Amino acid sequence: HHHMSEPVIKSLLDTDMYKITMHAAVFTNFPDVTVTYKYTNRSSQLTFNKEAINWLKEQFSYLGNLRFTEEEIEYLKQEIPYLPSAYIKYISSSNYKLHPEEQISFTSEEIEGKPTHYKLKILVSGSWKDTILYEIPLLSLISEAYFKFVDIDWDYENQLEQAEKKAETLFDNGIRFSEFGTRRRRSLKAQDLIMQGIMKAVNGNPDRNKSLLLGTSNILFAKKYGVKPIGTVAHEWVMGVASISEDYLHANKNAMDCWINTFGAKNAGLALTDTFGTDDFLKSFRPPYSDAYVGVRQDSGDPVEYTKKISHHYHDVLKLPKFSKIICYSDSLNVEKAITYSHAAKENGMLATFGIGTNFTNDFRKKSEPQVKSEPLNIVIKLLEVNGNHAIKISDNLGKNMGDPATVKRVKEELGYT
């Protein structure tokens, strides 16, 4: 007889802070809009078994049992005080919950020519306010499933020490960074152990190191370890804003307006510039917008080239003093890259911060072959459709786009790239 598994996702705060701020933004501005997200496994030679699938089915259902506790809501009000009152009331209500049975469509398919091996098919669809939170916990669960049931050639030895060493190097180089690895963690336990390592590093020289650790994107771990939760706007914000009525020409400005009108200009945070290409973004990035945002988040393309472009914009076009604004580098970082990019930022008169994700929470060697990498699962859950319209991303890697090709072509034309 089957015994029910212990739920892995024990809190609606076991997620990235950007999910909650998006949730507040979507609730506030677009409570009616409907969306679909889609899972994609970019590592398609990595496959699933029946055991993993059955555990996933169970774990997904448990998401429907979660509620924000009193202490959790208090934590949100304290650390994210600019969340609107009405949003807090909405998530505080006894009416609030996730409905995975209605929102998640999870099937699996035996792979042609690979019997006993399966690919996952996952669509998450419904009102945007009902669907926005699933991305992170679903990814966190799928990764955990894969390393629990499919690839077990690995263990936890030296995970804390490895994270500690990374953190110590970063701190010696005066690097201001946050942990950002929730979505691709090998397991909840893996992320907890790396949090332990980072804090062990901090507490070796807290007078110096406390101010270098910005915090973690994971609100639950921020709460647990007594550090700040860290978040920015995500791509899905301007993608949704554009797709609602397919006004791409004004989407960057409309998205900033809406963000600012929701949280307040002072709480605008870092701007994500590359969604429809950084050039389009820059056309509207002047006062008051460029004064409200405290900087920009770099998420694609060549980081050094990005840094030069942004520096010229701020210092030459906008006539701001050097070191007025931040670039946050967040695309597949490791310690050596963070150091290199910190140099480029300094050279170009920019303050630098870093979000370090998968390298923290999914850096494992094989147990069988300790010199060989145990590869992470390269999975995403991406916004696909909004009110029936295609959702797309251009990025700054200009021929590496996301979404319906015809739409991407049409948009590049409308925005003057082509």
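One rule holds for the numbers: they count along the sequence shown, beginning at 1.
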property	result
Residue stretch of maximal mean CA temperature factor, 279-287 vs 243-251	243-251
115-123 versus 226-234 - greater average Cα B-factor per the deposited record	226-234
Member of 390, 57, 42, 38 with the greatest C-alpha B factor (per the PDB record)	42
C-alpha B-factor winner, where the candidates are 305, 168, 155, 192	168
Lowest, middle or highest third - CA B-factor, residue 32	highest
Third of chain Cα B-factors occupied by residue 81	highest
CA B-factor ranking of residue 407, expressed as a third of its chain	highest
CA B-factor ranking of residue 358, expressed as a third of its chain	highest
Lowest, middle or highest third - CA B-factor, residue 151	lowest
